[PDB]
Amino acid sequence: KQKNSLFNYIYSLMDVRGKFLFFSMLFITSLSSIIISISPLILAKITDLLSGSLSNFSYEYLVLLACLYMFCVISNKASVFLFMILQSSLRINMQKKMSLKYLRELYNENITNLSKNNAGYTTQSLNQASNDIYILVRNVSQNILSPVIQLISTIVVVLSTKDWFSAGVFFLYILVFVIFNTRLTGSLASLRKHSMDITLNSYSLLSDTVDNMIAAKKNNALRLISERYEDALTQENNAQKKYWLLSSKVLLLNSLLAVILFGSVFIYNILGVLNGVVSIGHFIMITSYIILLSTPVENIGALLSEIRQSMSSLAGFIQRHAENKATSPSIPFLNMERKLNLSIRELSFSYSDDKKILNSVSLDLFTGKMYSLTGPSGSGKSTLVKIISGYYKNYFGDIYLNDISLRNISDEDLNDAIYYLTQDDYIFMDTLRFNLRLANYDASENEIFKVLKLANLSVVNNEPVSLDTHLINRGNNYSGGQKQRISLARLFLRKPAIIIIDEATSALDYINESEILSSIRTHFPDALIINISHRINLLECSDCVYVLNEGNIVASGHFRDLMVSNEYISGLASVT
């Protein structure tokens, strides 16, 4: 069942030009195997015409024979060059379509599955998959029809000249070969997959070390960093050597079998020529067939290995990239209300198992009101807002948005209704314009510049900020606070009902913090605001404060009513 899905996926990557290039590759490979299967006859015809006669034969017929053999050899080589020209053209063609499908497939994945592996890994995963497709495209377009044509014609013709021992041992070889190899193909595929996986692990550890180089540099940790890579490389070499040995043995055993079987057919026809039983023309034809048969035998060996091993390694890739999906019912045409209220009823959550992060959170929040959420680091403030923000769907209990449950809300609509300002910043290595256009694609040059003022990012160091400012990897081109302001400027282009600010202002100074937080409430008057903070001034300003402790909501109401009642907020209000 998964076998059919695989080839349909490869076929789909080919546009009209892609389908032509693929069929041209199949045709030219097939045509040349027909032509080259003729050539050992031509050689035999040349041999007899000369053998015996003492220069007494048609010199014009020898020239015609020699020219036909040349046409065979030329057309077979033109075919090789034409196939590789078509192959690269098809690689180029299928490449773009393959890569975008991956990016779009990665966008539709869940946050839990995305977080599982880094960029180093996903980047080299595309690499392995692309190459896997390439191999499969080749093995199909080249090693299916062509070796069958050359093997059929060879047994048919040798059978026609009534040589039973030759055609017999020839057919015996293809039989022993196809059996022996298939009885060892899976054993290679498994050893190759296991290797390729360790290779991903190794690219993953390189990108992990390079992304955290500054940390390792400043801790003078070259030895610790170098040794954990050197260990990964050692796991890679050992996995590669294990494949190499099996691969090397199969090749040597297949070579020794060929020498024993085809060697006998060569000795048999030698004795046949020495005892006048067999003609020289025929001897040359059997000798010519033994030599010609190696390439179709090679193309079969390849197919039996390469098709099974690239199908296994490609199966594993499609699995860890299209599998993880619970249900998600969603609503067909939903047009969310400008005013939305939040109702969390007996919400429970665990990231893994054995440990519960949210015990039985029961809350009720309303339009145009600001709420503060606090608690110790590990209580689950981020977790709770992430679930509200649809990061996770494996939760016990229910969450409503004006009667409508989250479970029945499409990820697109939820993201239009709620805007989560994350604890960590996510700045794209691109222009400032690009980072803000992330919030709204259709936004004009003015709408974007207006938003810079609202986030206090219109002027940096007495200089006006350009929308064309190039932003380095992780936006480390900008200060901690300037990073927070990019993410804040995004909110102003968006139009949400709920606004979550998870410690999203921590890097800003008192002036900026207050001015932006002011501008938020001004620009979004009816917006429900959840604010996560460990700071009294941010807790004070709220219409109501919620204290989360070890998963459960332990305290509610006004900050003043809590600053003495509650154990945690009294701990905060220890200073001054």
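Residue indices: 1-based, along the sequence shown.
Mean CA B-factor, 320 to 328 versus 72 to 80: the higher value falls on 320 to 328. Comparing the deposited coordinates for 222 to 230 and 449 to 457, the stretch with the larger average C-alpha B-factor is 449 to 457. Per the PDB record, 404 has a higher Cα B-factor than any other of 300, 404, 136, 286. Highest CA B-factor among the listed residues (532, 529, 541, 35): 541. Per the PDB record, residue ranking by Cα B-factor puts residue 420 in the lowest third of the chain.
The entry lists a Cα temperature factor for residue 536 that places it in the highest third of the chain's modelled residues. When the modelled residues of the chain are ordered by their C-alpha B factor, residue 108 lands in the lowest third. The deposited CA B-factor of residue 513 belongs to the lowest third of values across its chain. Sorting the modelled residues of the chain by their CA temperature factor places residue 502 in the lowest third.
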